[PDB]
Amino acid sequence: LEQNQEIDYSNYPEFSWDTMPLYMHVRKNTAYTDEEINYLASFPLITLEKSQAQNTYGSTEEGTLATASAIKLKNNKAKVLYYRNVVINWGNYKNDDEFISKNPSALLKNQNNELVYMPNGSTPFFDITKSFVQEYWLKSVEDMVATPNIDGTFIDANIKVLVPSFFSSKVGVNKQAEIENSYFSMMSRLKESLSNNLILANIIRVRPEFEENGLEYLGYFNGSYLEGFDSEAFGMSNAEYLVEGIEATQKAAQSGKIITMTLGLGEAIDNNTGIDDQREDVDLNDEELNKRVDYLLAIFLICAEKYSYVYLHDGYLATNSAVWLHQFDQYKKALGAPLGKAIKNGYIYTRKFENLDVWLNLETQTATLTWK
């Protein structure tokens, strides 16, 4: 497996321990307002998702360029990443639509010559085993990253390539191995061509198939995004699953890799409204909600090192998120640099920072943040 490169922080985002280090990961179907641009520009690291303002700019490619230009004019130090899925042919990319229309052989088929799909039955996959698909995809990423207001790329669906059953159950064992081989070739190409830029990947993940829960695959990347971090599977308890995720994240962060930890608040915010009635306004000062914020931040702080950033989210679509444009009080309070590593005692973790003491219990799913 690809080894990690020697650490060079030249192109890394800004980072401070003074207050919570925050990540943003976002789309909107139309252009951001000026106020929204100012909000985005306040984050040190921003990923622009697929379906980026396409109903204003006609395409994600153009909506990305316009959004990134506006962010950079407000804060030229904000780092902006372009999302790219390595295998799923999601909609709203004008260049992808043209490429697939002109070249139907670019899509992935099973051994019976049938197109295979995501669970919606309509979104297909790129057959990255084909040279011309690899070249198209790599060029699309390199061309976008080369533009002035884009600093790097967020690579998605690595785990769909690397967990053998995902594609072997669709296209067979040999084709899965071929997809994997081509994936490694493509990531090696980006590691070299984007060496003066940033590459983040959705890669660290508790998986029975991954002996090191994704750390073994970080060699191509400046860091990992984390999702599914508190969503247990494989018969593991919630606490057991988080213990493994925390260990992997601590190791990656201590190695100097960027970490962008996403944790959902959707379940703590939902109040059984919004489907056939107005969605009830969320009291973002609610005491129980803030206990959940404390808990999720405590998980993050037990792991964090320099270049670790957190996003407690209500989905990535700005217009459907109750936390969009908002900042919890925990994000404004003095944090300060760690005074050492977390201490683990069973499912209880503690950590001291210059202005904060953290206590976390994974079994009870509770935490305390004692600000100084």
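Numbering starts at 1 and runs along the sequence shown.
In this entry, 335-343 shows the higher mean Cα temperature factor of the pair 37-45 and 335-343. Per the PDB record, of the two stretches 233-241 and 188-196, 233-241 carries the greater mean B-factor over its C-alpha atoms. Per the PDB entry, 211 shows the highest C-alpha temperature factor of the residues 143, 276, 180, 211. Note on 317, 325, 68, 53: the highest value goes to 325, judged by CA B factor as recorded. When the modelled residues of the chain are ordered by C-alpha B-factor, residue 83 sits in the lowest third. Residue 124 sits in the lowest third of its chain by CA B factor, as recorded in the PDB entry. Ranked by C-alpha B-factor against the other modelled residues of its chain, residue 14 falls in the lowest third. Among all modelled residues in its chain, residue 300 ranks in the middle third by Cα B-factor.
In the deposited entry, the Cα temperature factor of residue 266 sits in the top third of values across the chain's modelled residues.
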